[PDB]
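Report on the structure given below.
2 protein chains.
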Amino acid sequence: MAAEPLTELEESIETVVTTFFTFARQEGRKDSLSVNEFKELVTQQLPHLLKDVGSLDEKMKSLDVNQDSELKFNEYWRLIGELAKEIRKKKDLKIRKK
Amino acid sequence: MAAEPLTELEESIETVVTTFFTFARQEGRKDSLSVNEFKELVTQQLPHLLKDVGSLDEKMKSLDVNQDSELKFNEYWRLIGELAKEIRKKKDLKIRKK
Ligand SMILES: [Ca+2]
Ligand SMILES: [Ca+2]
Ligand SMILES: [Ca+2]
Ligand SMILES: [Ca+2]
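If you read the sequences in order, they're chains A and B.
Plus 29 on top of the position in the first sequence (first one is 1) and you've got my numbering.
Plus 29 on top of the position in the second sequence (first one is 1) and you've got my numbering.
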């Protein structure tokens with residue numbers, strides 16, 4: 030009918046952009062992740078990727094290279110990279126993973 | 030290294046990780062994208078999401094900054110951020126800062 034099939038990448042990026050949009054809309058500006066907003070993301074999902082969702086605030090200060098406490102899309106985005114890393118980088122390391 | 034099944038956002042990273050892998054593996058260098066692996070992604074996939082796949086090598090040199098003429102798994106990643114962002118952004122203002 031209608032709802033034109035986007036490409037695999039387009040789709041996959043839209044999929045994270047929408048999730049971003051919701052988690053960005055929670056508090057101040059559907060445009061930045063605030064810290065509580067961020068903590069909600071790691072608390073709500075991230076079951077097996079980024080364990081120690083407690084020490085988020087460290088990660089936040091790392092993603093937010095400027096430490097302005099607006100994690101803009103591009104700053105927040107960092108997380109998705111690290112996620113995409115952790116898939117294999119369970120360590121790198123010792124007592125790693127096959 | 031390797032290998033575990035996951036949740037939703039975890040799927041969205043996996044679904045780009047597979048794409049990454051399928052290109053990364055080409056030459057091989059099953060880690061780093063050469064500019065007949067990289068350029069192939071822009072040529073093949075995009076197709077609408079972003080634009081100026083002609084001056085790919087602009088992006089390449091901007092992405093590549095560790096100077097090893099090989100888009101490593103976390104140079105390459107940058108592009109996914111930009112094309113993600115491009116759903117919003119025009120190339121409004123160019124990304125540069127030290
Ligand atoms: Ca917000
Ligand atoms: Ca910021
Ligand atoms: Ca390669
Ligand atoms: Ca490089």
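Cβ coordinates follow ideal geometry from the N, Cα and C atoms, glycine included.
Report the three-state DSSP secondary structure of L100 (chain B) (helix, strand or coil).
strand
If you measure from the beta carbon of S41 (chain A) to each beta carbon in chain B, is any gap under 9 angstroms?
yes
Tell me the DSSP bridge mates of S84 (chain B)?
Looking at the DSSP output, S84 (chain B) bridges to nothing.
So, is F102 (chain A) buried or exposed, given that buried needs 16 or more other C-beta atoms within 10 angstroms?
buried
Nearest chain A C-beta to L85 (chain B) closer than 9 angstroms, yes or no?
no
Contacts around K80 (chain B), its chain only, beta-carbon distance under 6 angstroms, and the 5 residues preceding and following it disregarded
none
What residues from the segment 91 to 114 of chain A come within 9 angstroms of chain B, judged by C-beta to C-beta, listed N to C?
For the segment 91 to 114 of chain A, the beta-carbon criterion of a distance under 9 angstroms to any beta-carbon of chain B is satisfied by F102, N103, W106, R107, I109, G110, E111, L112, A113, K114.
Ligand 4 and residue 20 (chain B): does any heavy atom of the ligand fall closer than 8 angstroms to the residue's C-beta?
Because residue 20 (chain B) is not part of the residues shown, which for chain B are 30 to 127, the question remains open.
C-alpha gap between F52 (chain A) and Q96 (chain B), whole angstroms
36 angstroms
What residues of chain A sit near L75 (chain B), judged by a beta carbon separation below 9 angstroms?
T36, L38, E39
Cβ closer than 7 angstroms: which chain A residues qualify as neighbours of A31 (chain B)?
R117, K126, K127
Mind the definition here: the segment 30 to 44 of chain A touches the segment 68 to 86 of chain A only if three or more C-beta pairs lie below 8 angstroms; say whether that holds.
The answer is no - the segment 68 to 86 of chain A does not touch the segment 30 to 44 of chain A, with fewer than three Cβ pairs under 8 angstroms.
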